[PDB]
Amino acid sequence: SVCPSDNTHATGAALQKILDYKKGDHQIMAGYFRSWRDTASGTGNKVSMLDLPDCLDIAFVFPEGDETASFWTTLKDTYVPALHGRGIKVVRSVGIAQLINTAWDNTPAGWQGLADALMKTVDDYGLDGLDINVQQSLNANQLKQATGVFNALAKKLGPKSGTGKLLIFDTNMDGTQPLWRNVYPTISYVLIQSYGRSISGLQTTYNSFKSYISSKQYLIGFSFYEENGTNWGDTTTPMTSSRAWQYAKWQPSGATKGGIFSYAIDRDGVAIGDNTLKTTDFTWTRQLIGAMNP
């Protein structure tokens, strides 16, 4: 409610009140910003991480690996400081593929070596921590390696570390996945990719995790419309009948959730089926913060 009705970037006491709102109890908003769509990567992009709304809690840096070096330069030198100025946490996202890479030894030394290499992706940018994207089951060997790496990371990130840095588990699977059963003690937040899902199915999914967390750790995810992407239908008009909107309102029975996140926050407000790149004032993000914290 100390948040702007447009997308101003407040400067003094207007900003301080937003800095205090964020230290206060609230349902948090998170956004995956696709790095290859940042104006500092390639050409033809319309949106910068500098445009992210002041009332955002976490920005994920989600690369695909063909971003131009200019992106990483701007992230370290410009973007991270300005987002930290707005009290926005910046977190690097990486796929589970990275933690089960067989180029790294499946041994204590190997789990530590790999954790060191992922920790460079955090420390070299002054980031607030690391997000691991899990969308697959693992064999015994993969499970063993991923668990080892989570356990090595847990020394520097998340609840076991005492650093204040985040260790995030984001997934489209449930709390029965063996990796989850191995690593839940290491986790800051768990984010459920819930694109195009039943409002009626939400409780069932939460219940699969609720024994391993408090409800403030749990966030649910909708997607914005990706240019040439899957039509999940999470952002239909009118807004206040959207799946995203109903996600902002949903609470598990007898408890309050952590909040929600968007995939492709860089696509906030682009109509479903509009495959061109546009700018955004982050209307949906800002509305959806209001919807969770009225």
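Each residue number is its position in the shown sequence, starting from 1.
Of the two segments, 196-204 and 73-81, the one listed with the higher mean B-factor is 73-81 (C-alpha atoms only). For the segment pair 46-54 and 245-253, the entry gives 46-54 the higher mean B-factor, averaged over Cα atoms.
If you compare the C-alpha temperature factors of 238, 259, 31, 229 in the entry, 238 comes out highest. Remark: residue 160 belongs to the lowest third of its chain, ranked by C-alpha B-factor as recorded. Sort the chain's modelled residues by C-alpha temperature factor and residue 216 lands in the middle third, per the entry.
Among the modelled residues of its chain, residue 144 has a C-alpha B-factor that falls in the middle third according to the deposited record. For residue 120, the recorded CA temperature factor ranks within the middle third of the chain's modelled residues. When the modelled residues of the chain are ordered by their C-alpha B factor, residue 92 lands in the middle third.
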